[PDB]
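K.L.:
The first sequence begins at 213 in the entry's author numbering and counts up one residue at a time. By construction, the Cβ of each residue, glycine as well, lies at the ideal position given by its N, Cα and C atoms.
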Amino acid sequence: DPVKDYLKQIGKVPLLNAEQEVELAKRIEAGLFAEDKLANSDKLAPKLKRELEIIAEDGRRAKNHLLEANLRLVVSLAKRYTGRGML
DNA sequence: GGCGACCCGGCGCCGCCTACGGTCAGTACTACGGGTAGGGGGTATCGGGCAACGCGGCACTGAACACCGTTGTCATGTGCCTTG
Numbered sequence: 213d214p215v216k217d218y219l220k221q222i223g224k225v226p227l228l229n230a231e232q233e234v235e236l237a238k239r240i241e242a243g244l245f246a247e248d249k250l251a252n253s254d255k256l257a258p259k260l261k262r263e264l265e266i267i268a269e270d271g272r273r274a275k276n277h278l279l280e281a282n283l284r285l286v287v288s289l290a291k292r293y294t295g296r297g298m299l
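1. Can you find the residues in the same chain that come closer than 7 Å, C-beta to C-beta, to residue 303, ignoring five residues on each side of it along the sequence?
2. Under three-state DSSP, which class holds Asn282?
3. Which residues in the same chain have their Cβ closer than 8 Å to the Cβ of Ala257, if we skip the five residues on either side of it in sequence?
4. Exposed or buried, what is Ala230 when buried is set at 16 or more other beta-carbons lying within 10 Å of its beta-carbon?
5. Among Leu278, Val215, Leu285 and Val286, which has the Cα closest to the Cα of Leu236?
6. By the three-class DSSP mapping on this structure, what secondary structure does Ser253 have?
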């Protein structure tokens with residue numbers, strides 16, 4: 213029962229291709245640099261800090277895009293490795 | 001619109017003790033890295049075997065006194081003989 217609901221929760225999400233995934237990774241590194249700059253104790257402009265924060269949030273969104281995409285692969289591997297004592 | 005069915009869920013039960021019962025289940029890997037409980041030797045502290053040194057009864061060096069016992073001792077008193 214619950215696994216059916218989790219597979220439903222996976223539902224339909226956009227699968228990832230080479231161009232989409234590499235663009236997402238580019239946004240990820242952009243956001244990582246943005247939060248790096250934010251974490252620096254040096255004073256930064258307020259609007260600049262908000263720009264860095266929003267790109268970091270967009271990178272987080274990209275992260276969840278990758279994870280929600282590859283839930284299907286990880287459950288495939290789980291099927292490969294299940295039935296040996298753990299749930 | 002509340003009844004009504006019906007439909008389903010949902011549970012809940014189905015009686016009391018007694019002898020023994022036979023077994024087995026599939027698809028990573030290396031690699032490092034720390035860090036240890038175990039292997040060692042050497043040292044400080046506590047835990048055993050022979051004498052220790054008390055006591056006590058009495059016992060003796062008997063010594064030195066004490067307790068009767070004794071024959072020492074004797075200046076001093078009766079009895080006979082000689083003279084007033």
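P.N.:
Per the coordinate set shown:
1. Any property of residue 303 remains undetermined from this structure, which presents the chain solely from 213 to 299.
2. Position 70 of the first sequence, counting from 1, holds the residue named residue 282. Three-state DSSP puts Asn282 in a helix.
3. Reading the first sequence from its first residue, position 45 is the one you call residue 257. Excluding residues within five positions, none has a Cβ falling inside 8 Å.
4. In the first sequence, counting from the first residue as 1, residue 230 sits at position 18. Answer is exposed; the Cβ neighbour count stays below 16.
5. As a position in the first sequence, residue 236 is number 24, starting the count at 1. Ranking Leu278, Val215, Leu285 and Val286 by Cα distance to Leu236 puts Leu278 first.
6. Here residue 253 corresponds to residue number 41 of the first sequence, with the count starting at 1. Coil, per DSSP.
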